[PDB]
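# Fold and geometry: a report
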2 protein chains.
Amino acid sequence: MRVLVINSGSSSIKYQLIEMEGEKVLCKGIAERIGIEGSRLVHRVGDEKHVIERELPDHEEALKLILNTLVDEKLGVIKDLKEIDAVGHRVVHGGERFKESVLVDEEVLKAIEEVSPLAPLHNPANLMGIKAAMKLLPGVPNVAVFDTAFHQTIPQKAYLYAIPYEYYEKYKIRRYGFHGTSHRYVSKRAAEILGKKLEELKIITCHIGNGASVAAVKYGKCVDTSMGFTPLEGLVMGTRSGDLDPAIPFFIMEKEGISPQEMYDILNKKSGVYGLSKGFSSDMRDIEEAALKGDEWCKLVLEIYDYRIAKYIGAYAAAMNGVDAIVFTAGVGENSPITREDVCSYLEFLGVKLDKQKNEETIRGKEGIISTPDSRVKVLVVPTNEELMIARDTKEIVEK
Amino acid sequence: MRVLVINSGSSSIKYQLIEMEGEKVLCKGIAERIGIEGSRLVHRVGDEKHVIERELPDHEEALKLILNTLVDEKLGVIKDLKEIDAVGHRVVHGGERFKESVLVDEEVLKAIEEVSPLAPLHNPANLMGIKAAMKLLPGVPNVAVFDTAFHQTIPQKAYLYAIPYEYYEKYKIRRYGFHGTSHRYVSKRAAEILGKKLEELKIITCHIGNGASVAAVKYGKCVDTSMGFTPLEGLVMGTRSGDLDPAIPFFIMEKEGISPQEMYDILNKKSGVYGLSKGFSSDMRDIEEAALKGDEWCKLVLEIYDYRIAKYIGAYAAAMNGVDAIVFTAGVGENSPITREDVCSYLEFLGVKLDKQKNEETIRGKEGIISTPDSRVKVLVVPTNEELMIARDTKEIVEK
C-alpha cells in the first residue's frame, strides 16, 4: 500500500511517499517559500536532488506541483496518481477531542478548525494541506495524526496549572504537550529493541532538537511531558526560553517599555540557545563545535542545556516511580554523544552507566543501546521517524 | 548572651528574645498593623498573651513599644535594655554581594539599599527595622541574615535563565532562591540527627508552607532551589502560581484586556491553592480537611500540590546524582502526614519507604526520622526555626 505523508507548515509543504510493505521511502521533498518570492520544490529520488523554480501562491498550487512531479516520468516514482492509496497529514494541535489518529471527513475537518485557535500558527496551514489533498485526490482517504494526541492520557494532576480554574473552564488552558507522535514512535521502538512489551516498561523519552521536550511514558501511556499549553515550556530550545520564572517577563516589559507581543517574541525567537550565546547561534552543534575548540562560553551554554534535560529525566523518574529505560532522539539526541554523556553523568545514582564506545558510535542516524550490560536503567538512541509513524496510522485506519 | 531577633515586613515587626546559652525563647510577639488603623502589639511571655492597643505610624515607633514592654516589669522579661546583647535581622534579599550573615555598619547598610530594588516589597521594611534598632539601641551590634545567602553557592548552570544574557548583565536577572536560612537550618539539623557530617550528605530540603520551595543541598552547599528571581517559581503555593508555561500570562492578558500589573497580581494573589479551589481557601489544611470529608475536588488540589513536590525531589536527586536524605519542614511539611505520604509514594523507586506509625506521630511541632530502618533514602521531619538560626549567626559574629 502507498501512503503519501504530508507536513504543511505556514510557509511550506514537505512530503514523503512511503511503500508500507517495504516501509520504503520512494521519494521525499519540500515545496518551499509558498506565498513568498522564488518559491520552489526540492525533490529527492534516492541520490538525485531536483530543484523546480515556480510561483506557488498557496498550498494547493504547491501540492499540485508535488503531485505532478510524483508522476512526471523523468523525476517521477509512480505511473498514475491512482497509485497513491492514502494520504497522512501531520496536524499540530488536536486539543482534548482527538485522542488518536482519525480518518478525515467533514465532521473531523470542522472539529479541527474548532481546535485551531489553540495553535493559530500551525493548525491553519495543516488544514490547508488536508483540504488541498482532498480536492486534488478525490476519493483518496486522508488521515490526520495529531502532535498532541499521544499526550491525552496525561492525568489531571499533571495537566492543570496552579492558576484560576476558570481559565481552564473558559479557554481550555492546560498542558497539551507536543512532539506526541515522536515520543510515541521512539517509546514503542525502544520497547521492541529491548524485546519487551511496552505495557511493562517505564520509559522516559527525550526528543531533543531545534525544539525539545521530554515525555514520561508509563506502561505505554504518557503521564507527563515537558511542553505545555504551548511549545515554550520545558527544556532549553534553539530560540525558545523553555521554563522560566513567571515574573521575569513582567519585569523585563516594565523596565524596558515593551508590549506583551514584543516580549513574547523575545522569549520565542531570540532566547534559548541563541539567547544564551549572545546571538552566536541557535544550532546546538554550532556550540558543540565551538566548545570543543576551547571557547569557555559555549562549554557553559552546553552545560546549561544538558543540565535541564538531566533534571527532567530525574523529575519524570519520580513521576512514574521508576525508570526502566531512557531514549534520546531528534536532531541533537541522535547526533551528540557529548550531550548524551553529560546528561547521563547526573544519573549514575539511578544505576545509569554509558558505554563510551557505543555512545560515540551511534551517531548520524544509527540506532542502538548505549547503556552497559550491567546498567540498571537502559539507555537507547532511537532516531525518530515521525513520517513513518504517520504512514503506519494511516495504513491501519485505511485497512477497513 | 541575649539576642533579640527581628523580622520586619511592610505591615509588621515580629520579634523573639532568645537566650543563647539555654537557647530559650524568653518572649516573642508581633507589632501588627503598623501604618494602618488599630495597630497593636501582641506579646507572649510563656502562657500569657498580652494585647496592647496603640497608634504605630511607622516601624520605629513600633519597635519602641516592643522595647518598652520587654522592660515593663509587669509584661517584661529583662531588667534593663542593656540586657539585649545583640540584634539579629531577617533581610529578604541579599543579591550576589552577601554570601553569609554580616555585622551591620554604614557600608553594609548602603550595600543593602543597593540590593533593595531586587525585592522592593520586602527589603525596604527590613532596613526600616535595622535603622530603627540601631537608633533605639545605640552601640548594640546588629547582624543581617539573608534569605538569599544560603543559595549563593548555586553554580552558573543552575542560576542563569535561557533568556538573553544581556538581561543578567544589565539587571542581574538570575535565580536567587528564598527560604535560604530555613533550608540552611533544617539541612544542618537533619545531618546532626543522622549522626553524620553535612559535607558527606546529599540532602533535599522541602520548605512547604504558605510559600514553598525545595533546595538541593549537596555536601553542605546548595546546588539548586525551586524559587527563582522572585518567590513565584517552583512549587504550588497558597496564592502563588508556582511554575507555569511562560506563554500563558500573555495569552490571558490579551484575551481579557488586562495590564501586566493586573496579570502579575492574579498570578501572585489569586492563584496557587486558592486559584485551584475556585476561591475556597489558600490554606492547604482547609483543603486537607475538606478532602478527608469526601469532597472530590479538594482531593485533586491535594494531588496536584503533592505531585509537583514529588517531581522536584526527583529533579534535584538527579541534580546531585543522588539523595541521601529528604527533609520536610514549615507549616505543611511539619503538619501534614498525608502530604508527606502522598509525596513519598512517588519515590519508592529510589528506595524510600515511610513508617506509617512514625509519619502520623510526627505532627504539630515534633521532630524525627520517618523512613523505615531498611529505607535506602532517609526521610525526616525537622520543624524549622528560622529565628534561632538568626540568633546563632548573630552570636557567632558578635563574639569577636
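Residues numbered from 1 in each chain as written, not as in the entry; some residues may be left out. Chains lettered and ligands numbered in written order. Heavy atoms only, no water.

Selection criterion: UniProt positions are given in the numbering used here, feature names are shortened, and annotations may be inferred rather than shown by experiment.
The name given to chain A in the PDB entry is Acetate kinase, and the organism recorded there is Thermotoga maritima. The record deposited in the PDB is entitled "Acetate kinase from a hypothermophile Thermotoga maritima". UniProt annotates chain A under Function with the comment "Catalyzes the formation of acetyl phosphate from acetate and ATP. Can also catalyze the reverse reaction. Phosphorylates propionate (54%) in addition to acetate (100%). Uses GTP (100%), ITP (163%), UTP (56%), and CTP (21%) as phosphoryl donors in addition to ATP (100%)." Quoted verbatim from the Catalytic activity heading of the UniProt record, the comment on chain A is "acetate + ATP = acetyl phosphate + ADP".

### Observations concerning the relation of the copies chain A and chain B
The following threshold applies: Structural superposition of the copies relies on a least-squares fit of C-alpha atoms. By definition in these notes, contact holds between two residues if any of their heavy atoms fall within 4.5 Å.
Once chain A has been moved 0.0 Å along the axis and rotated by 180°, it coincides with chain B to within an RMSD of 0.0 Å. Such a combination of rotation and displacement between the chain copies is what one expects of a two-fold axis. For chain A, the minimum C-alpha distance to the rotation axis belongs to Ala315 of chain A and amounts to 2.0 Å. Both copies share a contact surface, since 99% of the interface residues of chain A are interface residues in chain B too.

### A word on the environment of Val398 of chain B
Residues and elements named next belong to chain B. Quick reminder of the rule: Only DSSP runs of H or I with at least four residues qualify as helices, and only runs of E with at least two residues qualify as strands; both kinds are numbered from the N terminus onward.
Structurally, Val398 can be placed in helix 15 (residues 386-398). Between the C-alpha atoms of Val398 and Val3, which are 395 residues apart in sequence, the distance is 9.9 Å. Ignoring any residue separated from it by four or fewer positions in sequence, one finds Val398 in contact with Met1, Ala86 and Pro141.

### Points about the interface of chain A and chain B
Defined as follows: As a working definition, buried area equals the accessible area (1.4 Å probe) given up by two parts on being put together, with both sides summed. Salt bridges, as used here, are contacts in which a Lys or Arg side-chain nitrogen is within 4 Å of a carboxyl oxygen on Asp or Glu. Here a polar contact is recorded for every N or O atom pair within 3.5 Å, except that within protein the pair must consist of a potential hydrogen donor and a potential acceptor, and residues adjacent in sequence are included only if both atoms are side-chain atoms. Throughout, the ten residues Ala, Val, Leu, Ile, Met, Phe, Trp, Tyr, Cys and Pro are labelled nonpolar, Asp, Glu, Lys and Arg are labelled charged, and all others, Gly among them, are labelled polar.
Each partner contributes residues to the interface: chain A has 72 residues there, and chain B has 71 residues. Summed over both sides, the interface between chain A and chain B buries roughly 6100 Å², with carbon and sulfur atoms accounting for 70% of that surface. When the buried surface of chain A facing chain B is broken down by residue, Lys157, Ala162 and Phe250 of chain A rank first, second and third, together holding 12% of it. On the surface where chain A and chain B come into contact, there are four salt bridges. Notably, a salt bridge pairs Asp224 of chain B with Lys311 of chain A, separated by 3.2 Å at the nearest N-O pair. Counting across the chain A and chain B interface gives 22 residue pairs in polar contact. Every element with two or more residues in the side of chain A that touches chain B is listed here: helix 4 (156-159), helix 5 (166-171), strand 11 (221-225), helix 7 (248-256), helix 8 (260-269), helix 9 (272-276) and helix 11 (296-320) of chain A. In terms of residues, the side of chain A that touches chain B owes the most to one element, helix 11 of chain A, which gives 14 residues. In terms of residue class, the side of chain A that touches chain B is made up of 44 nonpolar, twelve polar and 16 charged.

### What to know about the sheet that holds strand 9 (residues 202-208) of chain A
Residue and element names in this part refer to chain A. Applied cut-off: If DSSP finds at least two bridges between two strands, the strands pair.
The strand order across the open sheet built from six strands is 11-10-9-12-14-13, with neighbouring strands paired in mixed fashion. Of all strands in the sheet, those with a lone pairing partner are strand 11 and strand 13 (368-369), marking the two edges. Here strand 9 pairs with strand 12 (residues 325-329) via five bridges, running parallel. Within the sheet, the bridge partner assigned to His207 lies in strand 12 and is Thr329.

### A word on the nonpolar core
Rules: In this description, a nonpolar core means a group of buried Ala, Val, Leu, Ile, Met, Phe, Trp, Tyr and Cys residues linked to one another through side-chain atoms lying within 4.5 Å. Classification of residues uses two cut-offs on accessible area relative to the type maximum, computed with a 1.4 Å probe and protein chains only: under 20% is buried, over 50% is exposed, and between them is partly exposed.
Counting residues in hydrophobic clusters, the biggest one holds 126 residues, and the most contacted among them are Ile326 of chain A together with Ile326 of chain B. When residues no more than four places from it in sequence are discounted, the contact partners of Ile326 of chain A are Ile204, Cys206, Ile313, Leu347, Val352, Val377, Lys378, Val379 and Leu380 of chain A. Of all hydrophobic cores here, the second largest spans 25 residues; its members include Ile6, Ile13, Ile84 and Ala133 of chain A.

### With respect to the sheet that holds strand 8 (residues 142-146) of chain B
Residue and element names in this part refer to chain B. Our working definition: For helices, the fitted line uses only the C-alpha atoms of the stretch in contact; every axis is such a line through C-alpha atoms, and the angle between N-to-C directions lies from 0 to 180 degrees.
Spatially, eight strands are ordered 5-4-3-2-1-6-8-7 in an open sheet, and the strand pairing comes out mixed. Both edges of this open sheet fall to strand 5 (48-53) and strand 7 (102-103), since each of them pairs with a single strand only. The pairing of strand 1 (residues 2-9) with strand 6 (residues 86-91) spans four bridges and is classified as parallel. The partner of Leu4 across the bridge, within strand 6, is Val87. Helix 15 rests against strand 1, strand 2 (12-19), strand 6, strand 7 and strand 8 of the sheet, and its axis sits at about 130° to strand 6.

### Structural notes on the UniProt feature "binding site: Mg(2+)" in chain A
Residue and element names in this part refer to chain A. As annotated in UniProt, the feature "binding site: Mg(2+)" corresponds to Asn7 and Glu386 in the numbering used here. For the residues just named, distributed over 380 residues, the greatest C-alpha separation is only 10.1 Å, placing them together at one site. With respect to the helices and strands, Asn7 occurs in strand 1 (residues 2-9). Locating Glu386 in the fold gives a position in helix 15 (residues 386-398). At a separation of 3.0 Å, a polar atom in the side chain of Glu386 contacts the side chain of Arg90.

### Looking at the UniProt feature "binding site: substrate" in chain A
Under the UniProt annotation, the feature "binding site: substrate" is placed at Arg90 of chain A. Looking at the secondary structure, you find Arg90 of chain A in strand 6 (residues 86-91).

### Some thoughts on unusual backbone geometry
Phi angles above zero are rare outside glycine, and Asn321 of chain A is one such case at about 60°. If you check the backbone angles, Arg33 of chain B has positive phi at about 55° while not being a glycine. Tracing the backbone through its elements, the reader meets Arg33 of chain B in the loop between strand 3 (24-32) and strand 4 (40-45). Residue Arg33 of chain B is classed as partly exposed on the basis of its relative accessible area of 38%.

### Remarks on the pattern of salt bridges
Residues and elements named next belong to chain B. Taken as a whole and assessed by the stated rule, the structure comprises 42 salt bridges over all chains. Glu114 serves as the salt-bridge partner of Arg97, at 2.7 Å between the closest nitrogen and oxygen. Here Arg97, found in the loop between strand 6 and strand 7, pairs with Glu114, found in helix 2 (residues 106-115); they are 17 residues apart in sequence, far enough to count as distant. For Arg97, a relative accessible area of 45% corresponds to the partly exposed category. Among the ionic pairs, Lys395 bridges to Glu399, the shortest N-O distance being 3.9 Å.

### As for the domain arrangement of chain A
All names here are of chain A. For clarity, the cut-off: Source of the domain bounds: an automatic or database domain assignment.
What the domain assignment lists for chain A is domain 1 (1-195) and domain 2 (196-400). Each of domain 1 and domain 2 was reduced to a C-alpha centroid, and the two centroids are 23 Å apart. Across the contact, 51 residues belong to domain 1 and 49 residues belong to domain 2. Carbon and sulfur atoms supply 70% of the area buried between domain 1 and domain 2, which totals about 4300 Å² over both sides. Close ionic contact of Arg90 with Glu386 constitutes a salt bridge, the shortest N to O distance being 3.0 Å. Seen at the junction of domain 1 and domain 2, the total is 23 residue pairs in polar contact. Breaking the side of domain 1 that touches domain 2 down by element, the ones donating at least two residues are strand 1, strand 2 (12-19), strand 6, strand 7 (102-103), strand 8 (142-146) and helix 6 (180-193).

### Some details on the pairing of strand 3 (residues 24-32) of chain A
Residues and elements named next belong to chain A. Sheet analysis places strand 2 next to strand 3, joined by seven bridges and oriented antiparallel. Residue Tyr15 lies in a different strand from strand 3, and its bridge partner there is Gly29. Once strand 2 ends, the chain turns through four residues before running back antiparallel as strand 3, passing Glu23 with a positive phi of about 55°. Note that strand 3 and strand 4 (residues 40-45) share five bridges and pair antiparallel. Note on strand 4: the bridge partner recorded for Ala31 is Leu41.

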